[PDB]
Every structure is written in C-alpha cells, then in structure tokens.
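Here the structure is laid out as structure tokens; the discussion comes afterwards.
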Amino acid sequence: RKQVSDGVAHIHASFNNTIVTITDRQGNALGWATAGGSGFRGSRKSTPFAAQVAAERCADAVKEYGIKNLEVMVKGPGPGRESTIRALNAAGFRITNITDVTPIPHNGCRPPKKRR
Amino acid sequence: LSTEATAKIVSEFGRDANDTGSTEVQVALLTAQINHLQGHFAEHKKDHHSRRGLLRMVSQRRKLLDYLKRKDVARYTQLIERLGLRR
Amino acid sequence: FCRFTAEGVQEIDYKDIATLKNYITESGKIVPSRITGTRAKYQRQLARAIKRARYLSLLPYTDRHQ
Amino acid sequence: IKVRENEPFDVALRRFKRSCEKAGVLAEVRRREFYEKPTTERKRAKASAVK
Amino acid sequence: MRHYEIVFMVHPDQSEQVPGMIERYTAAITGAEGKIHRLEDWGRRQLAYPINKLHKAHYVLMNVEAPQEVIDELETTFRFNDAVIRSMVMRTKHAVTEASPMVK
RNA sequence: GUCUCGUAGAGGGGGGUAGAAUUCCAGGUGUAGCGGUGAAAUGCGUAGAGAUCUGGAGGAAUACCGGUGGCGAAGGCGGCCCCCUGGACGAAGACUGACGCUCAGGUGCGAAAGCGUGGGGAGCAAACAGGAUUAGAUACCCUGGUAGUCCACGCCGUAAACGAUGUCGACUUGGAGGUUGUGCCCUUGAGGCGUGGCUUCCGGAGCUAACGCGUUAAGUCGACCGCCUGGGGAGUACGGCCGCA
RNA sequence: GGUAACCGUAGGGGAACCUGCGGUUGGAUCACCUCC
Numbered sequence: 013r014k015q016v017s018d019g020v021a022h023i024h025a026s027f028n029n030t031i032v033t034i035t036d037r038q039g040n041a042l043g044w045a046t047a048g049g050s051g052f053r054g055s056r057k058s059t060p061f062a063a064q065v066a067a068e069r070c071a072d073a074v075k076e077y078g079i080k081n082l083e084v085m086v087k088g089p090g091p092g093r094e095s096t097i098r099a100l101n102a103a104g105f106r107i108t109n110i111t112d113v114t115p116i117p118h119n120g121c122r123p124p125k126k127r128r
Numbered sequence: 003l004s005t006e007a008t009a010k011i012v013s014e015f016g017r018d019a020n021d022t023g024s025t026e027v028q029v030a031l032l033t034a035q036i037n038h039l040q041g042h043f044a045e046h047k048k049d050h051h052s053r054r055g056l057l058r059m060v061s062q063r064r065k066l067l068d069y070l071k072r073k074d075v076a077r078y079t080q081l082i083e084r085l086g087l088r089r
Numbered sequence: 010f011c012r013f014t015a016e017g018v019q020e021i022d023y024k025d026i027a028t029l030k031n032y033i034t035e036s037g038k039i040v041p042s043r044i045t046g047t048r049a050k051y052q053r054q055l056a057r058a059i060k061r062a063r064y065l066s067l068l069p070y071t072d073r074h075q
Numbered sequence: 003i004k005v006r007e008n009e010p011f012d013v014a015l016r017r018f019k020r021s022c023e024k025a026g027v028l029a030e031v032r033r034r035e036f037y038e039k040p041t042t043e044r045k046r047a048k049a050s051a052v053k
Numbered sequence: 001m002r003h004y005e006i007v008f009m010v011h012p013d014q015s016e017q018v019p020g021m022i023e024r025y026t027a028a029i030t031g032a033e034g035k036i037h038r039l040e041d042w043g044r045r046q047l048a049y050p051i052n053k054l055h056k057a058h059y060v061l062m063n064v065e066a067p068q069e070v071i072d073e074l075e076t077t078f079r080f081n082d083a084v085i086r087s088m089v090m091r092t093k094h095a096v097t098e099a100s101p102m103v104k
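Residue numbers (the entry's author numbering), protein chains in the order written: chain K, 13 to 128; chain O, 3 to 89; chain R, 10 to 75; chain X, 3 to 53; chain F, 1 to 104.
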C-alpha cells in the first residue's frame, strides 16, 4: 500500500509488558505488539527472552509497508530490553540512529511511597 | 538610606560635619531610618525577618537617648523636639 | 585544565559561548567542579550564567529536541 | 545520546552509560526519594585516611 | 541611578520593523534623560528549541542607564505588543561599554 | 558604637516568567488487549481502550551545578528576573568617650501534624470501598480514594526544637583541610612571603568515672540567668492562666 | 553501594499494635544445676 523505507520504532522498556511500535516518522502507527499479545503471562513474560517475540511479530507484520532503514526510540528502566533492537537488527532492517527518550522529571510530581 | 541622604544629617546635627560620633548624629540617623521604614510594613506585613533589625534600631535609639539623659537634658530635649520624638 | 586564572576573568559574561559550551556535558548537564578543577566562586558564576543562558535560548534544556 | 558513528555497526557503544548517565535515576525517582540522613551517607569517604 | 542590560525576542515575520522599534524604544528611554553605552542588533538567529512553534528569531541587545520608573513602562510596552516573543532584564554592577563577545 | 569604599551569601516579603515531568479533553493512525505484584484478582476493555503524534486546560516542585559548601538568633532557607529589606566581613584612617555584660516578670519569632471562613484541587495520601494471602487477623500487598497536602486571613506554640553542651569576656604547645577578604616580592604569568573573619578533622598539656573534649574546650578564671536532689505513681490529679476544640 | 529503635501529631482499633506528615542517632538481647 505505502512505502516507508526509513521508518522509526518506539520501545517501552517497562518491567511488565514491553511495548514495541513501528512508526513512519509522521506519528501514524504501522504495527505493534506486546510480550503479552501471544498469551504469555506471569514472570515468564519479564525475562529478556520474552521481549523478542513481539519484535518478530512487528517485523513480520510490517513487511508489506517495506521498511528498509529504521530509527528506534527507547525509554524505560527494564534491564536488557535492547534484545528487541537486536531482534529488529536481525530482522534485516538497517538500524541507523538510536536515542534514549526516558521521561526523566525535573522533580515535579511526588513519587509513590515504597514498600518495606 | 543613601549616602547622599546620610551626608546631610551628619552635617546638620554634627559639630564639624566630619565628627559623625556625637550621639546626636547617631540618633538622628536612626530616626531617619525608622520613620521611612515604617512604610515598608504597610503592605509587607508578612516579613518577620527584617523586624529583628528594626527592633534593634529602635532599641539602640532609645538606649542612646537614655544615655543622653544622664549627661545633659538640654540638648536631649532640643533633639527630641527637632525630630518630633514622643519620649 | 582551568581557564579562568590563566585567561583572566574578574567577572564572567553569560554570553561568552565558548567557556560555556566547554563546561556543559554531552547531554546539557553541568560538569561537577571536582572533574574540572575550577575554583568554587567561578564554578558558582558558571552555574548561574548558564542557567540564564538556557532561558535566553543560547543553550537547549536537553538533547531530546532535534 | 545521539549515537552516530563510523561505518562499522552493531557494537551499540553504550558500555559507558556508567558515567554518561547518573544511572541510578529512575531507580530512585519512581519511589519516594528518602534523602534523609544524607551527609552521614557521605561520611564513609572520610573514614579511609590511613598511613 | 542604575544601569541595566535588556534583551528581547521578535517574530521574524516583523523583520522590517525591528529597527523602527529600536529607535522608538531608545527615544522613549532617552526622553527621560536616559543614556546608552552599548547596543547590538544581532539579527536573525536559529533557536535552540522551538517556542511558539517557531524556529528562528531576531535578537536585540542594549546596555542602558536609566531611572527605574521607565523600565516598567518599557517592559509593559514589550508585553502588550503582538510581535514580541521573549524578554530579559538585568541589573549590572558597572557601566560596561566594550562590545559583546558574540560578534567574533 | 557612627560615617567613607568594597565582597561573598538557598538570609525575607511581592510580582512576573521558563523548561522538564503528571493527569484530563479533542483530533488522526492502529489492534484487542492494558494494569499489577513471588503468583492472581479487583478495574478500564471495540458507543473504538492502551501505543504513538499534535493541540489545548489545569495544578505542584525546581533535575543537572549541589559539597560534613553558604546564609540565618533558632525553626529553617535551592530554577531565572525584577522591586522592596535585615545582618556579617575586610582595608585605611576620622569621630563619639564606659554609651557596656546579664536578665526574673514581659513581648516577639517558633518544623510537621490540627482547627475556623473562603478558594483551588495534578500527583501523593490518614480514613473508607474492593481483590488477595499467611501463621493468630484486622495490618503489612494491589487496585480506587475523602480530609489533608497548596493559597489567603486567623488560632494552636509542642518535637530526639539535639552540638543531648545558656549568654558574654580574658589567658594557655600543635598539624592538616574547606570557604571568603586583603597586604606584600623588581609579579621575569596561574607563583612565593604575610595578615583578618567563619568553619572541618587528628592530637599535646589539662580535665573526666570512662567514653571522650581538646584555642569553635567539657582546660585555667570572672558576670549574670535557668535547672537537679533515688526508681515507679507522674509530667498524671485537683486548682489558676491560655485555647473554638 | 538497602542493616532503625524512637520522637511531636492525627485517624484507627486492643494479649499486642498499625498506618499519613515531618524530625534525631541514643542503630541488640543476655550472664537461670534439681519444679521451666
């Protein structure tokens, strides 16, 4: 239908379900997947092995939109979540630029209290 | 206050205009600060921090006046009428 | 090494972009004084000047703007 | 960080995040920052003077 | 009597009228016995981050000695105009006259 | 104690203003789950969610510099700018001429929590609703969530309000460090010699029951204030003052 | 480079104690031959 070539991707490295999105550098979303969309549940879903599957679902659904080059935006504290960008790299898209977009605040809202 | 305004009072109440030590010039300067400064708290009521310096100045004024009373009542009285002090 | 005691500043201008960009880090933060070795007074002057300059758009707040 | 580098690829060059970021941020910011007892939490640096 | 540094921002759409305003504002300053030691017209400049969905702006700077009453009037005349974008005021220690290190 | 010239400083009120961040609303894309803990559920779900982009409304606090750094009588003070304002210190003299120290009563200031009248209300969050679980069981855990938290204008006046060390002076070997002033050498540049503030840590005489303090004394002395007299009962009772409680 | 037991205060409830806001270091339990 449409050709994107040098798209952009967005990942949300939450401790829970990781979000991966493909975007065409204009805000309109091409495709999307979770570690939870395949029926994964519980702590089997938080290991870095789990984030790969969503990356390959995104890649193999977005073939028709024709990604050739790509950008990726990463925010989150989740450890080792760049396994997703390993998966996109291995999927054949030429990943050219990377930025960390973690929403740090300048000490605004008050964070929730901790458990003992 | 300002150096220009301070210079006039020392020349007025002073013996020779470089003397600046006789208790008259001191008490005159202190009054000059307080009467102007009273207009600060007309709307800056909340300021509790410069009040400490204000009360220090008024205490020092009264304390030098109580020093004058023990040395010569004449210039004390002339001074208080010149400045309009109550007591 | 320090530039202030060698090049000469009794006061530092906030529009001097060279000595300003020299002390900002890769992502717009301020370098700590223990890394660079500047005197405390001058470090305090830098910290004030550069935060005016951010207001004056001579610097960005963070690199996340393209 | 804007990562742009020479032509070799897939090294990912984030091995120095240890000093390129205060990495504890978002480990200590999504939770009530305690910050109390702070200076004696800096105290341990003095304890090491020895000869 | 004190001296001030002032810098402001203007919409690039109003480029033709930047120096007409410069002259008008310095006339307003000088009419109440104002004096100026430095004035720079830095001209067009790219912004470090977009403000008001804009990307370029026109820089103006001057160092003035003036009485405090006129500054608030002049600032309000900034704020009420359409074409102003940002402003800044500063009180300085001494009447500096040497040209601004930007121009180098 | 006063005047002259300067310096550093989150010392205080008022008004603007900025960027990051958090909800909510609107408009696209787009698929069906999202959210959460060691595991699940509750709850939103396709009268179209989250994820992403843009616009807008609104509230609170100022990442980075930032430190046994600074200011303050104490409590405590942290974006930027402007207006108003207190104190400290240094150089060189000049002047006043014992004007001083302490202070029962008294006045004022005094973290947070709490009340009263009216605003505003993003997030967080005593109480409350629900889900879950162990080993008593309500509570620790997770969804929501009212007061409160914020601003006016008033009360309350207590804290491990602690350096557990009242205030003010004088005298007695050292060493190293921070911060802020300032003289000097023929300044042959960021270097050397000296001299003032405020602070930090080792340690000598001395003191101490010891721990330890140690020129910022808990050392040797002087002036005045407050307090103590075995543990519990008890900072409780009955009075008085204060307070809307 | 997570070691808390206390304070002042307000809502809860009872062998007992919990939380919301702020503050301090004084950061741990003992010295039991025959009935335990």
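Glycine included, every Cβ here is placed at the ideal spot set by N, Cα and C.
Scanning chain K for C-beta atoms nearer than 8 Å to the C-beta of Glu35 of chain X yields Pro123, reported in chain order. If you draw a straight line from the Cα of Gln15 of chain K to the Cα of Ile44 of chain R, it is about 49 Å long. Residue burial is scored here from C-beta neighbours: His24 of chain K has at least 16 other C-beta atoms within 10 angstroms and is therefore classed as buried. Sixteen is the threshold: since fewer than 16 other Cβ atoms of the shown chains lie within 10 Å of the Cβ of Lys47 of chain O, the residue is exposed. Within chain X, the residues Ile3, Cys22 and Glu23 have their CB atoms less than 9 Å from the CB of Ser36 of chain R, given in chain order. The residue among F:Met88, F:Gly34 and F:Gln46 with its C-alpha nearest the C-alpha of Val64 of chain F is F:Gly34. Per DSSP, the beta-bridge partners of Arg45 of chain F are F:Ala57.
Using a Cβ-Cβ distance cut-off of 8 Å, the segment 74-85 of chain K and the segment 100-114 of chain K are in contact, since at least three pairs of beta carbons, one from each stretch, lie closer than that value. Here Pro12 of chain F carries a helix assignment [DSSP, helix/strand/coil]. Partner residues in the beta bridge of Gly19 of chain K, as assigned by DSSP, are K:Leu82.
For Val113 of chain K, no alpha helix (DSSP H) encloses it, and the DSSP letter there is neither H nor E.
Taking a Cβ-Cβ threshold of 7 Å, the residues of chain R close to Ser100 of chain F are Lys24, in chain order. The beta carbon of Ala49 of chain R is closer than 8 Å to those of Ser42 in its chain, skipping five residues each way along the sequence. Bounds of the alpha helix (DSSP H) holding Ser61 of chain O are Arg53 to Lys71. Of F:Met102, F:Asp82 and F:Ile36, the smallest CA-CA separation from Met62 of chain F is found for F:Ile36.
If you look at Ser42 of chain R, you'll find it in the alpha helix (DSSP H) that goes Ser42 to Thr45. Here the C-alpha atom of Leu87 of chain O lies approximately 10 Å from the C-alpha atom of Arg64 of chain O. Contact annotation: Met90 of chain F and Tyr4 of chain F have beta-carbon atoms nearer than 9 Å.
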